[PDB]
Amino acid sequence: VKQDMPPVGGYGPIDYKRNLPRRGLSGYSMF
Amino acid sequence: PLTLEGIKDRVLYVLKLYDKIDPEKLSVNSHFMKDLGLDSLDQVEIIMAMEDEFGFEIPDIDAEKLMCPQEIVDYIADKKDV
Amino acid sequence: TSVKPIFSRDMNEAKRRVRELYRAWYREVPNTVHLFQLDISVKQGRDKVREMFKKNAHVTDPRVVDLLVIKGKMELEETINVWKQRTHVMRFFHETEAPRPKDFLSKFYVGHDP
Amino acid sequence: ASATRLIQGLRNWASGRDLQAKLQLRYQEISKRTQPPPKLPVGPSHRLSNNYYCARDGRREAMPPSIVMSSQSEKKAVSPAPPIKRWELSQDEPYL
Amino acid sequence: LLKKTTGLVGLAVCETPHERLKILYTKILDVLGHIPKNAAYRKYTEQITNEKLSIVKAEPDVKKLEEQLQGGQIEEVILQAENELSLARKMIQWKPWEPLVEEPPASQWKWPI
Amino acid sequence: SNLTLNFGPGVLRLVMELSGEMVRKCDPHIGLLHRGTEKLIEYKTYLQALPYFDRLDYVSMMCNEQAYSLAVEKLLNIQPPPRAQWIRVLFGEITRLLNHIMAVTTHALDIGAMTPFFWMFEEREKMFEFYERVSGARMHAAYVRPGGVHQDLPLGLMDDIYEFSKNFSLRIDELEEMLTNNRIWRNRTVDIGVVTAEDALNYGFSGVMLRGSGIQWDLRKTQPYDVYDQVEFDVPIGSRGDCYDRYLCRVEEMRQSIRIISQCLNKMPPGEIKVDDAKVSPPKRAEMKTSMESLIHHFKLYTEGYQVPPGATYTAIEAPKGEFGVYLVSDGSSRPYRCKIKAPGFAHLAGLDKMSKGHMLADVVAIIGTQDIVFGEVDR
Amino acid sequence: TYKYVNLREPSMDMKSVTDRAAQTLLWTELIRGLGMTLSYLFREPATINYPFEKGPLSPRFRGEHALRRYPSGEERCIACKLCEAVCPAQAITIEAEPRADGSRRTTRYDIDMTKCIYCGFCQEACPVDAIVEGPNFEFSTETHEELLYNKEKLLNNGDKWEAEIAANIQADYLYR
Amino acid sequence: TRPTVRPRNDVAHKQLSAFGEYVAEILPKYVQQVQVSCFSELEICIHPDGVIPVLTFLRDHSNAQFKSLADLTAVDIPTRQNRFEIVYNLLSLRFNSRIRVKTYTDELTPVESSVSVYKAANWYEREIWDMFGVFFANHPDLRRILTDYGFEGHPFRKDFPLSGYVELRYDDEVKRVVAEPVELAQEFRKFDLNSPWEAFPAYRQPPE
Ligand SMILES: CCCCCCCCCCCCCCCCCC(=O)OC[C@H](COP(=O)([O-])OCC[N+](C)(C)C)OC(=O)CCCCCCCCCCCCCCCCC
Ligand code: SF4
Ligand code: SF4
């Protein structure tokens, strides 16, 4: 049989979390 | 509202402005239903014309008992001093 | 034959509610002609109100005329508050509808309807 | 994908993310528009024996509702089910 | 430990949950004593209220009381005790332990027709 | 006296009684999309009634398909095959992504943030390509049917769903970069439309409208359907009952939908996609053109339809707008006797009047945004 | 099995209070949002050049209806009325009779394309693959009655689009 | 009967039968029938005088706590003299359960409004007024909710026709959308679909 299936090891990891990457200077440094 | 004769003349003026009542048969003791030949809703709009002229609200329990102009002028006399 | 009432215990309270609804419609007709800027007169709208009340004049059941008063109050609430448009007020006046054949002979001429 | 590395670097700096690793425009990584033909499997009722329909008739095992009470001691008070188990906080990401 | 929030919006934290539940359960039993003894609402509600009151009188801890009352937070257990009290006060007026007020018509619950 | 504003004709009529800036009364007049759907359902077979459910919550098509299919399968006393159930959960969470993109981005568009609308509708266009590849239609798929699904997945579809899902969390991240920490977005949502938990239960709210108020309730967890007990996900719970926590709950539900979609792509089983009862689901076309029983069953299922045993069910799912229910009454025939459609937006828009008291006129469009209201399901 | 969105208590040391004061006074998250909008300014847009470029479709696509033929010119429709029985919109109107060689063929095959819900139940009910919902979606008209297709229009759509319809059916019939 | 047949849940069936006995014996003044379907859904068929006492019980009793009104529904069955079947679908989140409360009315008997129990009912029974004509007494604002403003009749009654009695068009003489008696260019084609063979012997009604 031939059917739409995932591959043998499965699919890779899928990111699903919040990634707000925390950029910028400190509050001390910005003043 | 001062004298009973002016209230009676003003009741008859309101009723002769009302076009369904024959002014030849319109008297003070003429009954609306069996003499003048009116529907009940005709009497209801007569009472609303009386409220328009005399400036006070007439409730339902004492507007059903107004079957002639004499009862109307007596009711307006009883709700005032005269 | 013992049924639960809606508002009226008998036909006299029912006629009282009919009568108050007619008073409210009679007061409302000039304001309805004004603010909907209708092309009818106040006399014509009051004649339509009288026609709609006399259409139901054969009913002797207090619950049925209670529901008729309830539905008339709903129509009046939709009229006083501008919830109806001009089209809904003018649907009582079947103006674009051609007059139906009334007698036997014209109904015979136009089709099969009795 | 055709962006120059200066615009690519400016774009990654402005977003704060690596945008080329996860592009929202699709390229050659997607499936081909022409596929080989499928060979779809059959279900469990595709059998030549021991396959009488009355042994697998779902609609005819539906019954009318069992009348528990009709108007024609110290027994325990009951609930419609046991009380619901309290949910556990996420081990993955509780935001705590 | 003085729980900071119940997690539910509009449900404030109760400072003394044990004494509040004791007051509500004894008030439920006091209202429920005005119902006839043969009424199933009185028997069942006295049963579950005495069970909950024995659990409240047996456990000093607040968290363990929440796990063995098995009704969520302790404040919504208090809210359910208030709802049961209001219900019992209404059930006195309704008197629903009485017989059936009217049989339905003969094919009222016959489906299909 | 106080001002009365008739905000005329989705489409909604609103009758506001304002007292300056404040809202004293909000009267939503509806029925502008009342189409008499569930009277039309009574004159059609169960298969013929299915495409009406695509058109109720028309951003949540296959979820309403799933709810109606679960109702009919419950009354038929049959169950879908496992691959059909995994396809239903996969496309139900794709559908949940579709609806929460629509919800969040139009709720931001009505407040003034117009750009993440355009950013997320390209992802929404790719998910409509997934619908079109699996059914032939971009929106009203008519794909999830009583008995399973209509047709098996085409080859290469799951790889493309993987390629979408691998990148979609960055799209959620840049939406969340535009809105979540933005002080203008927080000023429009944080103290707005606060619902207590007891009022949300009493007013018939469901879904995020409960979960924003801290109520730990999700029908995929508590009353689970097809294979939702076999997938692992979290339920986002709000703390203040406002527009902002409901926004965050919808964003985190997009996160958890991506999580479920990854689990569905990895755990998709082989096998058939319709129930192998050919008195319910139509046989394959190759055996319809070869077998006498299969041709008879094809004929009768596409003309009479299957008879459903008599009885009434209330079958509910966790649709992306909340509890979507069908109260389906069968008389024994092949047509529904009654099909009441419970929509979440109906009770939510009924609660709009309590939610808008004490707020401004600009807050009302935010509250109509946080109640995810599609008037197709509101009006039927 | 559940998580708390927005249940973070902010830190109240002078470091974090100064961080939040710098975010308030120096507009840091607003510059973050401007950076994200600037990042999409330098991306290639998703715009295809319609009508010269087309949106991608599948061979399952449900577009304009067509009546098909056998590979002899004989029309496939044998007037069984399954498509109009299953039609959820009642968009299909069929009348039939034996024609001059005794074949069971339609004299009326109407599809009101303005009633039609484009759901394809007719093509899956069709036992002989006669009615299909083909690949054309660009058939907008200037008048309502141009979307009231009779049998001549549907057979001309079949003769017009058969080279594409047969290849789309060839790509998908093993899924059916 | 494993793969294609829905599996029966006997535990929930037994629990809902016990709770139906519980409700029927706590409230014998109003409960007329209690039944549990084969797919394990509990129906409490009550007298219409007990709309408020039963629903307040299920909302407030510690063993019920049906706090959520999922749906409120009427069903028109014209062969009954009480043709309207008012259906309450309730959700208990505490006990993770659903219950159905069913009652009845005809065209003229008012049902007591349950807005004092569930405020969710406010629009639903309002819809039952619009679609079926069932009047709900002591409702706060009972009026139409879904039909057009001057709409005559109640559309989900089964003697109300599918297309209505009137249809709208724009008339340019009166410059207005007008209502006229309905004429269809194509009549809705009534299909007689029922097989004359019995489908389900378990649901066979006893003959005359
Ligand atoms: C030539 C270029 C001109 C433009 C330059 C900027 C261009 C880019 C602008 C991008 C953003 C545009 C957004 C439009 C909407 C703006 C909304 C907004 O920000 O509202 C104002 C916001 C409002 O904040 P808020 O009200 O949202 O925050 C809550 C505040 N509390 C808790 C108090 C209620 O911020 C301000 O009002 C700040 C005004 C400007 C201050 C400038 C810095 C002064 C620093 C002085 C030194 C201090 C040192 C420490 C103390 C010791 C002193 C000795
Ligand atoms: S696609 Fe659907 S609505 Fe259109 S003709 Fe075919 S069956 Fe009828
Ligand atoms: S289902 Fe096919 S063969 Fe039958 S009438 Fe329709 S188009 Fe013709």
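Coordinate-derived values only; no laboratory data. Backbone-built Cβ (ideal geometry, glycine too); neighbour counts: all protein chains shown.
Considering only residues that are touching a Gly at 6+ places or on another chain (Cβ under 7 Å) and not in a strand (DSSP E or B), which ones fall in the range F:330-347?
Matches in the range F:330-347: F:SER334, F:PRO344, F:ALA347.
Looking at H:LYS158 and the list (1) at the interface with chain F (Cβ under 10 Å from one of its Cβ atoms); (2) within 25 Å of F:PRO310 (Cβ to Cβ); (3) buried (at least 18 other Cβ atoms within 10 Å of the Cβ), which single condition is not satisfied?
(3)
Considering only the range G:116-131, state which residues are more than 8 Å from chain F (Cβ to nearest Cβ) and more than 12 Å from ligand 3 (Cβ to nearest atom).
Passing the criteria: only G:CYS116.
Scan the range D:62-96 residue by residue and report those that are out of contact with any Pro (no Cβ under 8 Å at 6 or more places or on another chain), surrounded by 17 or more Cβ atoms within 10 Å (Cβ to Cβ), more than 17 Å from H:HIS61 (Cβ to Cβ) and at the interface with chain H (Cβ under 7 Å from one of its Cβ atoms).
Within the range D:62-96, D:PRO65, D:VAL68, D:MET69 qualify.
Determine whether the range G:101-115 contains at least one residue that is at the interface with chain F (Cβ under 10 Å from one of its Cβ atoms), more than 20 Å from F:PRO51 (Cα to Cα) and either surrounded by 14 or more Cβ atoms within 10 Å (Cβ to Cβ) or within 12 Å of ligand 3 (Cβ to nearest atom) (or both).
The answer is no; no qualifying residue exists.
Every residue in the range F:47-89 that is of a type in the set (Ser, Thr, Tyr) and assigned to a helix (DSSP H, G or I), please.
F:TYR52, F:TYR68, F:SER69 - these are the residues of the range F:47-89 that are of a type in the set (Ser, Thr, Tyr) and assigned to a helix (DSSP H, G or I).
What number of residues within the range G:54-68 satisfy the criterion of being within 11 Å of ligand 3 (Cβ to nearest atom) and loosely packed, with under 13 Cβ neighbours inside 10 Å? Spell out the reasoning first.
Step one: filter the range G:54-68 for residues within 11 Å of ligand 3 (Cβ to nearest atom), giving G:65-68.
Now restrict to residues that are loosely packed, with under 13 Cβ neighbours inside 10 Å: none.
Final tally of qualifying residues: 0.
Table: residues versus (1) surrounded by fewer than 22 Cβ atoms within 10 Å (Cβ to Cβ); (2) within 23 Å of D:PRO65 (Cα to Cα).
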{"residue": "H:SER37", "(1), (2)": "yes, yes"}
{"residue": "H:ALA64", "(1), (2)": "no, yes"}
{"residue": "H:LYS67", "(1), (2)": "no, no"}
{"residue": "H:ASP71", "(1), (2)": "no, yes"}
{"residue": "H:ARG83", "(1), (2)": "yes, yes"}
{"residue": "H:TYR88", "(1), (2)": "no, yes"}
{"residue": "H:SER97", "(1), (2)": "no, yes"}
{"residue": "H:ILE128", "(1), (2)": "no, no"}
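Just give me the residues in the range D:63-74 being touching a helix residue (DSSP H, G or I) at 6+ places or on another chain (Cβ under 9 Å) and either among the aromatic types (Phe, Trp, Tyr) or in a loop (DSSP other than H, G, I, E, B) (or both), in sequence order.
D:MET63, D:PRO64, D:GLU74
Every residue in the range G:64-73 that is more than 14 Å from chain F (Cβ to nearest Cβ) and within 16 Å of ligand 2 (Cβ to nearest atom), please.
G:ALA66, G:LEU67, G:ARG68 - these are the residues of the range G:64-73 that are more than 14 Å from chain F (Cβ to nearest Cβ) and within 16 Å of ligand 2 (Cβ to nearest atom).
Given the condition more than 14 Å from chain H (Cβ to nearest Cβ), within 29 Å of F:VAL72 (Cα to Cα) and touching an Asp or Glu at 6+ places or on another chain (Cβ under 6 Å), answer yes or no: does some residue in the range F:202-222 qualify?
No; the residues of the range F:202-222 include none that is more than 14 Å from chain H (Cβ to nearest Cβ), within 29 Å of F:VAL72 (Cα to Cα) and touching an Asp or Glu at 6+ places or on another chain (Cβ under 6 Å).
Of the residues F:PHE205, F:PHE164, only one is away from ligand 3 (no atom under 16 Å from the Cβ), within 29 Å of G:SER58 (Cβ to Cβ) and either within 22 Å of the chain's Cα centre (by Cα) or outside any helix (DSSP H, G or I) (or both); which?
Details: F:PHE205 fails: within 29 Å of G:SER58 (Cβ to Cβ).
None of the other options fit; the residue is F:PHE164.
Is it the case that the range F:136-156 has a residue that's part of a helix (DSSP H, G or I) and at negative phi?
No, the range F:136-156 has no match at all.
Restricting the first residue to the range G:10-34 and requiring it to be facing chain A (nearest Cβ under 9 Å), which pairs with a second residue that is within 9 Å of ligand 1 (Cβ to nearest atom) and part of a helix (DSSP H, G or I) meet a Cβ separation below 7 Å and a spacing of at least six or different chains?
From residues that are facing chain A (nearest Cβ under 9 Å), the pairs are G:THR28/G:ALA22.
Could you list all residues from the range F:194-218 that are surrounded by fewer than 21 Cβ atoms within 10 Å (Cβ to Cβ) and of a type outside the set (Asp, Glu)?
Selection gives F:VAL194, F:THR196, F:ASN202, F:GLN216.
Sort through G:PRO45, G:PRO71, G:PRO51 and tell me the only one that's surrounded by fewer than 14 Cβ atoms within 10 Å (Cβ to Cβ) and either near ligand 3 (Cβ under 10 Å from one of its atoms) or closer than 30 Å to G:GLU145 by Cβ (or both).
After applying the criteria, what remains is G:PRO51.
Which residues, taken from the range H:54-84, are outside any strand (DSSP E or B), of a type outside the set (A, V, I, L, M) and within 23 Å of H:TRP123 (Cβ to Cβ)?
Selection gives H:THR56, H:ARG59, H:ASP60, H:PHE66, H:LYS67, H:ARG83.
Which of the residues belonging to the range H:66-109 are of a type outside the set (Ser, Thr, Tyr), over 22 Å from F:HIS348 (Cβ atoms) and within 14 Å of chain D (Cβ to nearest Cβ)?
Those that are of a type outside the set (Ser, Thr, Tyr), over 22 Å from F:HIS348 (Cβ atoms) and within 14 Å of chain D (Cβ to nearest Cβ): H:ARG94, H:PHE95, H:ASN96, H:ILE99, H:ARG100, H:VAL101, H:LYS102.
From the list F:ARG13, F:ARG55, pick out the single residue that is more than 27 Å from F:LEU175 (Cβ to Cβ), within 16 Å of ligand 2 (Cβ to nearest atom), surrounded by fewer than 24 Cβ atoms within 10 Å (Cβ to Cβ) and more than 14 Å from chain D (Cβ to nearest Cβ).
Within the list F:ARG13, F:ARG55, the selection yields F:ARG55.
How many residues does the range F:35-51 contain that are under 17 Å from H:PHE156 (Cα atoms) and within 12 Å of ligand 2 (Cβ to nearest atom)? So that I can check it myself, show each step before the final result.
Looking only at the range F:35-51, we keep the residues that are under 17 Å from H:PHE156 (Cα atoms), and these are F:35-44, F:49.
When the remaining residues are screened for being within 12 Å of ligand 2 (Cβ to nearest atom), the result is F:44.
Here the count works out to 1.
Report yes if G:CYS87 is surrounded by 14 or more Cβ atoms within 10 Å (Cβ to Cβ), more than 16 Å from ligand 1 (Cβ to nearest atom) and under 26 Å from F:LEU155 (Cβ atoms), otherwise no.
no
What residue, of H:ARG204, H:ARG157, H:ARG189, is in contact with a strand residue (DSSP E or B) (Cβ under 7 Å, 6 or more places away or on another chain) and more than 26 Å from C:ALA98 (Cα to Cα)?
Numbers: H:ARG204 fails: in contact with a strand residue (DSSP E or B) (Cβ under 7 Å, 6 or more places away or on another chain); H:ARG189 fails: in contact with a strand residue (DSSP E or B) (Cβ under 7 Å, 6 or more places away or on another chain).
Testing whether each residue is in contact with a strand residue (DSSP E or B) (Cβ under 7 Å, 6 or more places away or on another chain) and more than 26 Å from C:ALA98 (Cα to Cα) leaves just H:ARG157.
Contact list please: Cβ distance under 6 Å, first residue in the range G:95-119 and among the polar types (S, T, N, Q), second residue more than 16 Å from ligand 3 (Cβ to nearest atom), pairs at least six apart or on different chains.
G:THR114/G:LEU147
Just give me the residues in the range C:54-85 being in a loop (DSSP other than H, G, I, E, B) and either within 8 Å of another protein chain (Cβ to nearest Cβ) or not aliphatic (A, V, I, L, M) (or both), in sequence order.
C:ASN56, C:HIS58, C:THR60, C:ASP61, C:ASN81, C:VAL82, C:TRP83, C:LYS84, C:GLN85 - these are the residues of the range C:54-85 that are in a loop (DSSP other than H, G, I, E, B) and either within 8 Å of another protein chain (Cβ to nearest Cβ) or not aliphatic (A, V, I, L, M) (or both).
Check the range C:34-43 and report whether any residue there is crowded, with 16+ Cβ neighbours inside 10 Å, within 14 Å of chain H (Cβ to nearest Cβ) and more than 29 Å from F:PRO28 (Cβ to Cβ).
Checking the range C:34-43: at least one residue is crowded, with 16+ Cβ neighbours inside 10 Å, within 14 Å of chain H (Cβ to nearest Cβ) and more than 29 Å from F:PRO28 (Cβ to Cβ).
Can you pull out every residue in the range G:120-150 that is assigned to a loop (DSSP other than H, G, I, E, B) and closer than 12 Å to G:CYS83 by Cα?
Applying the first criterion (assigned to a loop (DSSP other than H, G, I, E, B)) to the range G:120-150 yields G:120, G:126-130, G:134-143, G:150.
Once the filter is applied, which keeps residues that are assigned to a loop (DSSP other than H, G, I, E, B) and closer than 12 Å to G:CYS83 by Cα, the range G:120-150 yields G:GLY120, G:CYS126, G:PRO127, G:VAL128, G:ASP129, G:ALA130.
In the range G:74-94, which residue that is among the charged types (D, E, K, R) and away from ligand 2 (no atom under 16 Å from the Cβ) is farthest from the chain's Cα centre (by Cα)?
Restricting to residues being among the charged types (D, E, K, R) and away from ligand 2 (no atom under 16 Å from the Cβ), the top hit is G:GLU74.
Quick one: G:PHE137 ticks every box in (1) within 13 Å of chain F (Cβ to nearest Cβ); (2) closer than 26 Å to G:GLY55 by Cα; (3) within 13 Å of ligand 3 (Cβ to nearest atom) bar one, so which box is it?
Of everything listed in (1) within 13 Å of chain F (Cβ to nearest Cβ); (2) closer than 26 Å to G:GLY55 by Cα; (3) within 13 Å of ligand 3 (Cβ to nearest atom), G:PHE137 misses just condition (3).
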